[PDB]
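So the structure is just underneath, and the comments pick up after that.
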Number of protein chains: 2
Amino acid sequence: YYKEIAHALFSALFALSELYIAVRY
Amino acid sequence: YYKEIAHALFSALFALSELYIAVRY
């Protein structure tokens with residue numbers, strides 16, 4: 001159950017990071 | 001420039017959606 005929380009929590013943070021990069025640069 | 005904003009904005013929202021699913025279920 002918690003394995004699914006990981007990959008989702010990290011895919012989210014990573015996706016949000018690319019968006020930040022997309023905005024400023 | 002705006003093409004990179006799309007795929008990022010949608011990958012983010014999708015990633016956040018899976019996390020929501022991961023939490024409640």
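By order of appearance in the structure tokens: chains A, B, ..., then residues from 1 within every chain, and ligands from 1 in the order shown.
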Determine which residues of chain B sit within 8 Å of chain A, taking into account only C-alpha atoms, and present them as a ChimeraX atom specification.
/B:4-5,8-9,11-12,15-16,18-19,22-23
Can I get the selected residues back with N, CA and C atoms, as a short mmCIF file (atom, residue, chain, number, x, y, z; two decimals), in the first residue's frame?
data_model
loop_
_atom_site.label_atom_id
_atom_site.label_comp_id
_atom_site.auth_asym_id
_atom_site.auth_seq_id
_atom_site.Cartn_x
_atom_site.Cartn_y
_atom_site.Cartn_z
N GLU B 4 5.96 23.37 -24.03
CA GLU B 4 6.61 22.80 -22.85
C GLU B 4 5.80 23.08 -21.59
N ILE B 5 5.00 24.14 -21.62
CA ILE B 5 4.15 24.48 -20.48
C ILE B 5 2.97 23.52 -20.39
N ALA B 8 3.95 19.72 -19.26
CA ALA B 8 4.34 19.82 -17.86
C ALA B 8 3.13 20.07 -16.98
N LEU B 9 2.24 20.94 -17.43
CA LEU B 9 1.04 21.28 -16.66
C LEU B 9 0.10 20.10 -16.57
N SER B 11 1.18 16.73 -17.01
CA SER B 11 1.87 15.65 -16.31
C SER B 11 1.82 15.87 -14.80
N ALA B 12 1.82 17.14 -14.41
CA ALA B 12 1.72 17.51 -13.00
C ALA B 12 0.34 17.17 -12.45
N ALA B 15 -0.14 13.49 -12.25
CA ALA B 15 0.64 12.91 -11.16
C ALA B 15 -0.02 13.17 -9.81
N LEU B 16 -0.55 14.38 -9.64
CA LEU B 16 -1.26 14.75 -8.42
C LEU B 16 -2.55 13.95 -8.27
N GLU B 18 -3.01 10.76 -9.35
CA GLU B 18 -2.66 9.40 -8.92
C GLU B 18 -2.36 9.38 -7.42
N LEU B 19 -1.72 10.44 -6.94
CA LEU B 19 -1.40 10.55 -5.52
C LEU B 19 -2.67 10.61 -4.68
N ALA B 22 -3.94 7.26 -4.58
CA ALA B 22 -3.07 6.49 -3.70
C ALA B 22 -3.45 6.69 -2.23
N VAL B 23 -3.83 7.92 -1.88
CA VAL B 23 -4.20 8.25 -0.50
C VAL B 23 -5.53 7.63 -0.08
#
